[PDB]
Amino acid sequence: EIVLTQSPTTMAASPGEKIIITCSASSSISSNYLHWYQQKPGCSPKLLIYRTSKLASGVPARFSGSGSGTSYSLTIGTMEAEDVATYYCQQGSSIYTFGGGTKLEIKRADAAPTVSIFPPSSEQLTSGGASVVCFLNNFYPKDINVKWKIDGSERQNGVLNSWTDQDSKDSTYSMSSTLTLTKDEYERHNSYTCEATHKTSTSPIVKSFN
């Protein structure tokens, strides 16, 4: 019944910044029934704040919660690199409900992606299938869109994209888009260009092979 809504969905901030995540409820709930959880990558959620502004055992003091009625806010005073996680808000007044999560990122710098296009392997061509893999590494922000063109004609089939999580030390992203085709359809095309659109370059970075 009681829907929780978290803003923002994702968030990028450098250490030292003051992060404020908000939890908005569809009904007015007592502040005793609003709680916050922290879930680090590869880990189970852990209790962060219970009854709105009570810090759980062990959490750093830089965390704090506040709010009443339908408006609640999780606040990190001075962010630390450890605070990279997804934060959930949960209410206990009615049927148990969670907020949907707020993901915390590290800001880094607007790095440009280094494009790498690879032809299909020799062991793959013997099996009857040709897969072309385009690698994009070390870019920020995570928002990147790629378009693959065979002989100047755009293609939308067979493309399989994979996005990795933010780097533990580099604090950057990497995307892999593999275009698989049959050995008879790859022998009928002559030019394949891998075009990448990003916020760093006004013009797309294209890698090609014939």
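The first residue of the shown sequence is 1; numbering continues from there.
With 153-161 and 37-45 compared on mean CA B-factor from the PDB entry, the stretch scoring higher is 153-161. As listed in the deposited structure, the average C-alpha B-factor of 46-54 and of 63-71 is greater for 46-54. Highest CA B-factor among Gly99, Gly77, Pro113, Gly129, as stated in the entry: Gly129. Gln91: CA B factor lies in the lowest third for its chain, per the PDB record. When the modelled residues of the chain are ordered by C-alpha B-factor, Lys18 sits in the lowest third. When all modelled residues of the chain are sorted by CA temperature factor, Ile29 is found within the lowest third. Among the modelled residues of its chain, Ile2 has a C-alpha B-factor that falls in the middle third according to the deposited record.
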